[PDB]
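I have placed the structure first, in the form of structure tokens, so that the comments after it can refer back to it.
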Amino acid sequence: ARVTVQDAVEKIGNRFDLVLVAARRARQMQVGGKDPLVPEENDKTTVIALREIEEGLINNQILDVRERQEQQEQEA
Amino acid sequence: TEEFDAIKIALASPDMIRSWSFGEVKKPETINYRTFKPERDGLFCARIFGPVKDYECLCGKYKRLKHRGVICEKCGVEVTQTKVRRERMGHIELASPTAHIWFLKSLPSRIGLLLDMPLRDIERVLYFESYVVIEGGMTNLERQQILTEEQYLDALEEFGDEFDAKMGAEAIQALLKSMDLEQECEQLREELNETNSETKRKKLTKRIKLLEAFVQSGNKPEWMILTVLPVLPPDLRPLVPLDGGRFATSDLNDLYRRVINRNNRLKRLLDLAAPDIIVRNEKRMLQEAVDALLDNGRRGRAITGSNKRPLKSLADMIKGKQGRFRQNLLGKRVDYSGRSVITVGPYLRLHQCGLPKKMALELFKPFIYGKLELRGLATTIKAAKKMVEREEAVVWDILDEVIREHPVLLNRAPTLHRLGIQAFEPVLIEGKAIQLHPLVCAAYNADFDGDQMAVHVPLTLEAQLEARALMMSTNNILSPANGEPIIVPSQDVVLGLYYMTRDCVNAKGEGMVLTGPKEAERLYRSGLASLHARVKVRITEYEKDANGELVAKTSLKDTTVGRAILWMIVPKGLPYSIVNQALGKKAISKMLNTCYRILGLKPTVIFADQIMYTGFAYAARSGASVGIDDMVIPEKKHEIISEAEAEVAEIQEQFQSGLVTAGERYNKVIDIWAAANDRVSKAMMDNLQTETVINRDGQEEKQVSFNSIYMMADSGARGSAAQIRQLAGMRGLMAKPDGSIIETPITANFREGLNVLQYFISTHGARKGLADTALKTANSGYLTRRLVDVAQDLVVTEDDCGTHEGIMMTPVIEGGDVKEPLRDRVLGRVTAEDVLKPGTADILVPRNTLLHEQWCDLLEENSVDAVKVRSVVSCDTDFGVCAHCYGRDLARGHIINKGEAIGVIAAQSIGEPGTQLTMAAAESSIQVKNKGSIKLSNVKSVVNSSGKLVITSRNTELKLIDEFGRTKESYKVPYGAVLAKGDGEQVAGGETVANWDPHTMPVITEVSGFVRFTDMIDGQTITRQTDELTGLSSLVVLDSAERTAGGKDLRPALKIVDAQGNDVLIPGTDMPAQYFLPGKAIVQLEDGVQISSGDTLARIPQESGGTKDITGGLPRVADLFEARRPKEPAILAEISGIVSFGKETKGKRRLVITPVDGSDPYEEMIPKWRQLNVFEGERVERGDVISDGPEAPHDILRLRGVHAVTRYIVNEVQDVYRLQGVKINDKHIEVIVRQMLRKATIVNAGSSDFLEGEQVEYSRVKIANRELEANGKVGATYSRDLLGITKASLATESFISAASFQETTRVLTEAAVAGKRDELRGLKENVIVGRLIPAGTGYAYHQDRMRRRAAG
DNA sequence: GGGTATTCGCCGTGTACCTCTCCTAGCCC
DNA sequence: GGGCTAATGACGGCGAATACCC
RNA sequence: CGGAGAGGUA
């Protein structure tokens, strides 16, 4: 469990678009479309998204290429 | 469309109005307000306005089941989804055009101004009173003129085939249909090329401005006359009938019904070809009904009983209180929230709050239901309801799951600063109160006295993450007002730490050596070694060095056992210089600040939580207790008292002896009792400081007192030297009714008893303070409101604008004492230039680098007087502010970024300490208190005989630039100051470098010769009396204030000529020779009296201090923010150049200032109430004082420049807040000022009129465009002007702001006719519309949308 | 001359709640 | 009945409307 | 229940 946002601040210096992107990540593993990439500790999707972005696993480029991906499959 | 900003308001075209609606209401039927059945057809129609009741048939008589979401006509109904219900709206196609009353009753009558006749003509024709020639007869008749009935006839029989004249709105329709706006614009602009008349050009420019405004709005004038009337759905307007004899206002409904009745009657009459008079009358009351519909406030407002609210009309339904009803008061109560009294939980971690189990169970019922049906434990909502109400043990696991990390938002009932609402992780607890984190309640500015906190649950994912990243107290530990932690240990934990870290001189466990704090903990918790002992411990402390590595330095340290036990708390990478010495509140503030600035946030939050736990635990183990033997009564208090009564008895005996005046012995007794109070407090504190004395090995030794009351306030737990001074010693002197000090102090303590009269007197102060508290709370709320309104539309949106402009930024020093260090100010700013060393031109800092702690220290060691820094004032960013122009001083320690409306932060930071706002030297002799080089700036002085560097005027400054590279003493040199010291001369402390008469100011002559009574009439302008002691006279110049018309046309003057009988003048000095005598200027020298250089010319009595140019307190803050004239403005030199008098006292006095390269006639007005300091033939420059006294900010901006008034306002407000000790970073004042002077008046016309209030950012963009092309327009020269906070607020470019908070109909009409495409930059405006705000995460979201615009 | 310097009506109202009352009215069928 | 139906024991600001010295 | 008038608390 990690509720402090310092690592996410360092990874994303704006730390404010950080909120938006982590919120989107949480929004689409909370509802189907993607699945958690970090082991669940009975955590809410907010903090698992936060721990994802802390590890550098989720960044703006990665999330946008991933999302454009799920579209080109959903039209296909 | 998507949730956007930059919304466009314009006048609607009839075709697209018809496009909005679907069908027209046939007959109007309305509820009777005693029968609530919606009758159809009418105002209630489920085919045009959408289904009033969805999924069922409604006609007022029909309730059949059939159309439950399917499109089909059975009696005339249409049933669809609620989305169609919202968009389905009505229209009625009027046979005749109808005007809109708002553009008629408005002071700028849009029809009147566009058609260029007074509004009387338009109201006459619209009210069906007098005809108007609609482009009718022109050969002998007039194309556009009003006609009475007989004149209209006379024209008709004169001509009927070339003449047309109608009545009402159709006439204006025909008129406005005629003009081709482009032809008018072209002809006017091309005429302006030929026209050479000033007034004619003004008129042409005004007309072309209006025409171009209508052209750019894209609105055809024919549109603004209502051809088809759109009508709301019934549910979109206020309607709430009450049963019985009492009802509610619903005038909008029957106004609709009346308008439909009138239109249907007119349609019937026109279908039957009714005669002209009857149809004209029908159109007349149809127009009247439509106008009453549009407004009744244009028809005359009135007050109705039981409701301080006018009669309902569509215009009044536009705006109620406090504005748009659903976006502010009243009253926005919201679900998923609770409210409860608060208790302390000292076990919760800093990111946690203790929340009652019942409160959680009822705050998360939907989430609990979702989980329960998710686990299969419930099959329906009913089963979930039963499952939760039965309070079974299973729901506890469910609630633990839904609360595992779901945070909650706690807000104090008044939120006076940003921290007033903070997130926490809820821990489910037994009880019925919210267990708030003890260390956060100080930030909440709350207490534990029955006051109730409020919880809310951000319940969507994205709100939760907004809470976690921003709202939680962990991420918000520094005050957003001045930086610096706001999470400082306040009263209990600080007591525990101060106890545990104290030392003694002898206790069990003294002197030994222990293996790290390991053995310190082991030995103390054995009770074998006392917590306090001079002990050598081999500690291994970690230091951050190199690129961020940790070096473990192990050394033997002389400390105390408790201090090592505490050192266990501090994480690695911190020095041991912090956890030694008795830790006070300021010491723990320093420790947390250093931890934040050296390790970061996570070590800081862990350190704070652990130090809270340890402070509480060791406060408990201390048993620090307050009794009555602990408070110590000084043994000699009564002796000092009795001495005081003896002294006052002698003084009063002299009083009855007639030896001292009333004020004399009053002040004597007051001073005696103040001295007695000081002596008593000193004795009490001396008793406290070493009340415990302990032997070491036989000899007694002082040491920090074990006395619990001494720790009780010395730690800064709670209280002060004043308070523990007034418990054991006397609280003494205090004020009486009328707010004056009583002769006899409150000579009794609280440990000793209080006499009845003493307590009675003391009650006055308490009552006064409580009333003051209530009034200040109300006024602080109001001030926060106005400041937020003026500052809210201000968001950092750009990172760097490259503006090398900035402000001089200096350590503020008054007199000999440096009030604030430049070290404090410089922190968190960005330099506007590259600073050098005080000895060499070497570059110390790079281009516009952030000046954080390291660079601030580097500037401290290389001591510097001033730095130019990037300011939001100097910022050239438009619709926003450069980040580097701002700095980063926030709850963060990194450079600020885009978003984050720092205007609101500034407003709440200025309003937060508002509650704390409460309601040998200068003018005698300047005594420099430190040794350093003497420096004089802006001298008005000529070196005369006896080495006299006699400085005149108040524009001269005495700095003390010492041998370090910056100043340490600052003084203001008064008029006629005599100085025997030169520049760069080392001076002893308190030595009179400048000396003059304290209680009167002389006019020291810098030249010698004959004295001429110039511009005088003996016995008319001066008093006639000569008392000769050395060739002197007792002639006194009459007061500056207004006098007779034969004594105010010549101003008395003493012309001083040389020793040759010839006139002489000295350029560059505000003392040409002729001292023009102000009021009460006793003339010392007669005509022809010979004097030396350094002799007084005239004497003007002064108070030797005590001038009243400042009032202080929150009203002072407010009137500076409103920029009000302080006891009328003190005029400055309106331009550089020679000066002279005009027509003196014609109204008031006139002063011509004659530039040598400018406009010579430049006189201004001089009220005789000002203290005049102005001569003729003297050379001045802008900013030089001409009338002495308090200067208004308006003239300061107009004359000295933008940055000058910036510094003035910043210094004034910062000094006022320092008077209460509150420290606020000045970037907030800078942004509030940049809001204040956001409007400017053009001097030399450009793309706008010659003088007008214009957004200065618009001035920048327009001038940049002007140099972009070759053809200059014009131009353009401008001067910024300071509007008041309210005036600047109502000056907002976005009309959405004004719609909710000022008069509305005129503002809305201006927006419509001008077609104002407001950027919707405003935040509360985005609240008003109902969309995301452009700040923080919302700004980032809209930025992402814009990035996705034209990228899809 | 002309800016004060008065007079002449309207209107706004920290925060939250606990209780209470009081709410367009005139009127011809 | 009922269905229509067109100030004084607050306080302060503020524009409009006067009041007055040289 | 929409907004005003009143007591009490904080």
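Ligands are numbered from 1 in the order shown, residues from 1 within each chain, and chains are lettered A, B, ... in the order they appear in the structure tokens.
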Fill in: Who sits within 12 Å of residue E:9, only C-alpha atoms (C1' of nucleotides), same chain under 2 positions skipped, as a PyMOL selection string
(chain B and resi 449-452) or (chain C and resi 16-18) or (chain E and resi 7)
Atoms kept (N, CA, C and O atoms (P, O5', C5', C4', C3', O3' and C1' of nucleotides)) for selection, written as a PDB file, in the first residue's frame:
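So the final result, stored in out-v3.pdb, reads:
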```
ATOM      1  N   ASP B 449     -14.171  22.085  21.190  1.00  0.00           N
ATOM      2  CA  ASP B 449     -15.079  22.772  22.092  1.00  0.00           C
ATOM      3  C   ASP B 449     -16.535  22.546  21.736  1.00  0.00           C
ATOM      4  O   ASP B 449     -17.372  23.394  22.059  1.00  0.00           O
ATOM      5  N   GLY B 450     -16.860  21.444  21.075  1.00  0.00           N
ATOM      6  CA  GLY B 450     -18.216  21.216  20.636  1.00  0.00           C
ATOM      7  C   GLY B 450     -18.399  21.598  19.185  1.00  0.00           C
ATOM      8  O   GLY B 450     -19.428  21.283  18.584  1.00  0.00           O
ATOM      9  N   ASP B 451     -17.411  22.281  18.615  1.00  0.00           N
ATOM     10  CA  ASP B 451     -17.442  22.639  17.207  1.00  0.00           C
ATOM     11  C   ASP B 451     -17.480  21.378  16.361  1.00  0.00           C
ATOM     12  O   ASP B 451     -16.827  20.379  16.669  1.00  0.00           O
ATOM     13  N   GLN B 452     -18.258  21.430  15.287  1.00  0.00           N
ATOM     14  CA  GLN B 452     -18.518  20.249  14.483  1.00  0.00           C
ATOM     15  C   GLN B 452     -17.835  20.397  13.136  1.00  0.00           C
ATOM     16  O   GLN B 452     -17.887  21.464  12.519  1.00  0.00           O
TER      17      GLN B 452
ATOM     18  P    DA C  16     -22.387  27.935   5.412  1.00  0.00           P
ATOM     19  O5'  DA C  16     -23.090  27.113   6.585  1.00  0.00           O
ATOM     20  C5'  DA C  16     -22.377  26.076   7.238  1.00  0.00           C
ATOM     21  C4'  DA C  16     -23.229  25.432   8.316  1.00  0.00           C
ATOM     22  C3'  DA C  16     -24.730  25.437   8.047  1.00  0.00           C
ATOM     23  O3'  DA C  16     -25.290  24.206   8.465  1.00  0.00           O
ATOM     24  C1'  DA C  16     -24.285  26.543  10.088  1.00  0.00           C
ATOM     25  P    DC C  17     -26.762  23.780   7.989  1.00  0.00           P
ATOM     26  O5'  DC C  17     -27.528  23.503   9.360  1.00  0.00           O
ATOM     27  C5'  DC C  17     -26.870  22.793  10.399  1.00  0.00           C
ATOM     28  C4'  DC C  17     -27.625  22.936  11.708  1.00  0.00           C
ATOM     29  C3'  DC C  17     -29.141  23.065  11.567  1.00  0.00           C
ATOM     30  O3'  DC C  17     -29.769  22.329  12.593  1.00  0.00           O
ATOM     31  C1'  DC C  17     -28.312  24.888  12.782  1.00  0.00           C
ATOM     32  P    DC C  18     -30.984  21.336  12.256  1.00  0.00           P
ATOM     33  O5'  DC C  18     -31.809  21.294  13.621  1.00  0.00           O
ATOM     34  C5'  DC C  18     -31.118  21.391  14.862  1.00  0.00           C
ATOM     35  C4'  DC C  18     -31.857  22.309  15.816  1.00  0.00           C
ATOM     36  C3'  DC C  18     -33.159  22.864  15.285  1.00  0.00           C
ATOM     37  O3'  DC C  18     -34.197  21.914  15.454  1.00  0.00           O
ATOM     38  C1'  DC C  18     -31.920  24.551  16.441  1.00  0.00           C
TER      39       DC C  18
ATOM     40  P     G E   7     -33.222  37.735  17.593  1.00  0.00           P
ATOM     41  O5'   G E   7     -33.335  36.586  18.688  1.00  0.00           O
ATOM     42  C5'   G E   7     -33.972  36.817  19.936  1.00  0.00           C
ATOM     43  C4'   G E   7     -34.175  35.525  20.682  1.00  0.00           C
ATOM     44  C3'   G E   7     -32.909  34.729  20.970  1.00  0.00           C
ATOM     45  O3'   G E   7     -32.218  35.170  22.126  1.00  0.00           O
ATOM     46  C1'   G E   7     -34.500  33.306  19.986  1.00  0.00           C
TER      47        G E   7
END
```
Discussion item. Considering only strand (DSSP E) as DSSP defines it on the backbone, what residues of stretch 157-319 of chain B qualify? List them as number ranges by chain.
Written reply: B: 165-166, 226-231
Discussion item. Quick check, in Å to one decimal: how far apart do atom CA of residue B:1117 and atom CA of residue B:902 lie?
Written reply: 19.6 Å
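All of the residues in chain B within 8 Å of chain A are residues 401, 402, 404, 405, 406, 461, 462, 464, 465, 466, 468, 469, 474, 475, 601, 602, 897, 898, 1336, 1337, 1340 and 1341 of chain B, where only C-alpha atoms were counted.
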Fill in: atom CA of residue B:1181 to atom CA of residue B:869, straight-line distance in Å
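Interatomic distance, atom CA of residue B:869 to atom CA of residue B:1181: 26.2 Å.
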Compute the set of chain B residues within 10 Å of chain C, using only C-alpha atoms (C1' of nucleotides), and express it as a tab-separated table (two decimals) with C-alpha atoms, in the first residue's frame.
```
chain	number	residue	atom	x	y	z
B	242	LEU	CA	-48.69	26.69	-1.54
B	245	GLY	CA	-54.51	31.17	1.94
B	246	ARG	CA	-50.78	31.58	1.34
B	247	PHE	CA	-49.22	31.12	-2.10
B	248	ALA	CA	-45.97	31.83	-3.94
B	249	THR	CA	-45.07	34.28	-6.70
B	250	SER	CA	-45.60	32.84	-10.19
B	251	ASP	CA	-45.99	35.90	-12.44
B	304	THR	CA	-43.48	42.78	-1.58
B	305	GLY	CA	-44.07	41.83	2.04
B	306	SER	CA	-42.76	38.64	3.71
B	307	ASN	CA	-40.14	38.26	0.94
B	310	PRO	CA	-39.42	41.80	-6.22
B	311	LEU	CA	-42.29	40.35	-8.23
B	312	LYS	CA	-41.20	37.50	-10.49
B	412	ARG	CA	-14.24	23.23	8.88
B	413	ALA	CA	-17.50	25.18	8.99
B	414	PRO	CA	-15.75	28.46	8.11
B	415	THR	CA	-13.02	27.84	5.52
B	416	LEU	CA	-10.77	30.90	5.67
B	452	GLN	CA	-18.52	20.25	14.48
B	774	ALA	CA	-17.64	39.10	16.10
B	775	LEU	CA	-17.38	42.25	13.97
B	776	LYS	CA	-13.96	41.24	12.63
B	777	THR	CA	-15.24	37.77	11.74
B	778	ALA	CA	-18.05	39.30	9.68
B	779	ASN	CA	-15.81	41.89	8.02
B	780	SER	CA	-13.10	39.31	7.29
B	781	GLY	CA	-15.69	37.14	5.57
B	782	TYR	CA	-16.73	40.11	3.45
B	783	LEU	CA	-13.12	41.00	2.61
B	784	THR	CA	-12.35	37.42	1.60
B	785	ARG	CA	-15.41	37.61	-0.65
B	1145	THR	CA	-7.47	80.19	-5.00
B	1146	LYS	CA	-10.04	80.23	-7.78
B	1147	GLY	CA	-11.92	77.39	-6.22
B	1148	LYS	CA	-8.64	76.09	-4.84
B	1167	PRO	CA	-6.70	72.17	-2.11
```
Determine, using only C-alpha atoms (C1' of nucleotides), which residues of chain B have any atom at most 9 Å from an atom of chain D, and tabulate each with its shortest atom pair and distance in Å to one decimal place, rows ordered by chain and then rising number, as JSON lines.
```
{"residue": "B:32", "atom": "CA", "partner": "D:3", "partner_atom": "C1'", "distance": 7.0}
{"residue": "B:34", "atom": "CA", "partner": "D:3", "partner_atom": "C1'", "distance": 8.8}
{"residue": "B:254", "atom": "CA", "partner": "D:5", "partner_atom": "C1'", "distance": 7.5}
{"residue": "B:255", "atom": "CA", "partner": "D:6", "partner_atom": "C1'", "distance": 8.5}
{"residue": "B:258", "atom": "CA", "partner": "D:6", "partner_atom": "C1'", "distance": 8.2}
{"residue": "B:1042", "atom": "CA", "partner": "D:21", "partner_atom": "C1'", "distance": 8.3}
{"residue": "B:1043", "atom": "CA", "partner": "D:22", "partner_atom": "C1'", "distance": 8.6}
{"residue": "B:1044", "atom": "CA", "partner": "D:22", "partner_atom": "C1'", "distance": 7.7}
{"residue": "B:1045", "atom": "CA", "partner": "D:22", "partner_atom": "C1'", "distance": 5.9}
{"residue": "B:1048", "atom": "CA", "partner": "D:22", "partner_atom": "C1'", "distance": 8.6}
{"residue": "B:1145", "atom": "CA", "partner": "D:22", "partner_atom": "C1'", "distance": 6.4}
{"residue": "B:1146", "atom": "CA", "partner": "D:22", "partner_atom": "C1'", "distance": 5.5}
{"residue": "B:1147", "atom": "CA", "partner": "D:22", "partner_atom": "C1'", "distance": 5.5}
{"residue": "B:1148", "atom": "CA", "partner": "D:22", "partner_atom": "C1'", "distance": 7.8}
```
